[PDB]
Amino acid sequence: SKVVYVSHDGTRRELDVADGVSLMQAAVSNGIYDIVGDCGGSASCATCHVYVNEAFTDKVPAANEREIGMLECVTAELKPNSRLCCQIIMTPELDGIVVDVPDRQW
């Protein structure tokens, strides 16, 4: 199943991502250094911040309350489609999902 990571500088990383793995985890495993994932994926750090493409923003299960509180601390611009990618779990229905990665996590 496939995921596209668009960096801030326009750079593109297309990635094959197994089902069940979070979008954070696939990124950190594959050289996508503009996603940090410091807390290791429990919505405790906000350093896995991404912007979900509008076409998929409603296909993804809603952020729970812990994710929403954590999102208030992102260091880049907080947008309506900001998500913590450790909380986005890859599924076949998300095939081709595009996420844009902020210019900073720290």
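Residues carry their position along the shown sequence, with the first being 1.
If you average the C-alpha B-factors over 60-68 and over 41-49, the higher value belongs to 60-68.
The stretch with the higher mean CA B factor, choosing between 8-16 and 80-88, is 8-16.
The entry lists a Cα temperature factor for residue 24 that places it in the lowest third of the chain's modelled residues. Per the PDB record, residue ranking by Cα B-factor puts residue 35 in the lowest third of the chain.
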